[PDB]
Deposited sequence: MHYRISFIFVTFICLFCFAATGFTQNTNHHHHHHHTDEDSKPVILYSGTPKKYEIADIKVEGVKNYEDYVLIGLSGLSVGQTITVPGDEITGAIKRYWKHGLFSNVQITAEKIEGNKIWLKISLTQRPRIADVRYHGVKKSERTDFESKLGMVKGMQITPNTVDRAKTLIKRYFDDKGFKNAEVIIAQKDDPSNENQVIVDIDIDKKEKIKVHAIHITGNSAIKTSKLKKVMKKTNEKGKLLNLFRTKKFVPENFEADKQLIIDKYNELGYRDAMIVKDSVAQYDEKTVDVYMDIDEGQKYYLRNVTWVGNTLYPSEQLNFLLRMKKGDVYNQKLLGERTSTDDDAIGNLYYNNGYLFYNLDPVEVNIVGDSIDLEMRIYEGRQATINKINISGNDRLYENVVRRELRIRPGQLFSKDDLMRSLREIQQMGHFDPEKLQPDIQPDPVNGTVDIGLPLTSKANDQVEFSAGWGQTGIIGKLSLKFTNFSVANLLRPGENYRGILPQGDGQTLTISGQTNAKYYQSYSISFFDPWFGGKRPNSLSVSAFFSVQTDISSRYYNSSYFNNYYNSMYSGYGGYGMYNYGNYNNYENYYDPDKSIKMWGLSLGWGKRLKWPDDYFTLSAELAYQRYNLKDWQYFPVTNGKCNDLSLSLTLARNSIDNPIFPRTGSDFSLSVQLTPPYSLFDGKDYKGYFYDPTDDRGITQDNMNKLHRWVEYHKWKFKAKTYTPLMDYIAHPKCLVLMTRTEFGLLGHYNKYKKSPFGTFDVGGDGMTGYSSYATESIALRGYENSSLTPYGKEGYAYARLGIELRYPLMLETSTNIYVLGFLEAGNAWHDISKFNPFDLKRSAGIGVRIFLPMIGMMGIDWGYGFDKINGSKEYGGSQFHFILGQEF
């Protein structure tokens, strides 16, 4: 037994927001069917409801009540009665579950502070930063909000769940140099963990065809006082008469404030040397070559989960110069091992990923997502004849296979053998790659994560930069699956059918399989 006609609506208690705007946000008008959720769902459940409009703005000391009057005939008159309290200031932040990571590491990335006013956007951003940091599980995080109406303040509990990231190679992700050079109170036989710094070592010890050594270190908060970071690395490798390559680099990153606070700029300086005699898979055959390179990279990253992102984007724009010795600064097979004592180039790249959910998300968080890929590259030259023999692009297949060599950049193009579009004598000086992927996860958990996908791809590469043509591409489609392991990176299976011929031959097209490892 109930009435059915909305005759009037009314407001009492409001000061912070205009009454007509709340009429609009309540989405009601006189002369309409009387219901209850129609009011309630729009006042206490939905993300644009009035109650949330107060709650998310730090006014957590509130209540609300739909008053019904004039219950006559077909009709009810309605009045919104609400309470405006004092805007809540944060009193304390409690954080728990950090087995292997000092609070110093995490409290510096929070966006809320004790002593400032509460707001939903700051809290959500802080949880995004923690999720992206990766030292904790990106799932099953939720803050334990506890208000206090006597003092009118709120304290936030952050219960977190820990996971350890480590994998011949080693990927120590939370390794501290201060705890190495001066243990705090007891190293107790354990590695010097903490501070969120990371160390990594890798190499091949086959020694009868391949041999290599490498090391890298990254400090995300240099000096412990500002978000600017230090990165250093070095490497060395033999391959069978032999070919010798070694080098090192140093870089420096910085968060920006101009477009937004998601942009990060990075600058890096690098050195490499190549050492050869009677070698044959490069145009160079006998000598020693050097290169000094300065790189600027502008990037923006706004995704939620590193392992299976569901919203946001990842944009990067990069340029990499080496000084122009061909010009007046340096001035003055036939003679090709000549003039490349020092190599010359300027390499440009653009790289963008895009993620969107296709079925709401938040609810049934297993979800389903549509991905989008786009990347372009150019290896330009100051002088028409002194084109660089090193740093060229190599495209086709899994991409991982190219890291048997370190003087080229390997680019996966799925559905085409391996290194197929760029054979000997047709090294790539420009490339393009595009693709749609539709992905569904089977399982998302602390230890292991699984998802399956179908894809459309197109890509190409050119030996001559002046013939770059992003609308003439080799095209592919297929399906695949990937696995994330508790103590190893990705492993996955991709099948793809290459529709279009390469250099007039159909030999490399058709059905192909790719076996991805590590991470793309």
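Stretches of the record's deposited sequence for which the structure holds no C-alpha atoms: No coordinates exist for the deposited residues in 1 to 297, 465 to 479, 553 to 596, 689 to 703, 892, so these stretches are absent from the model.
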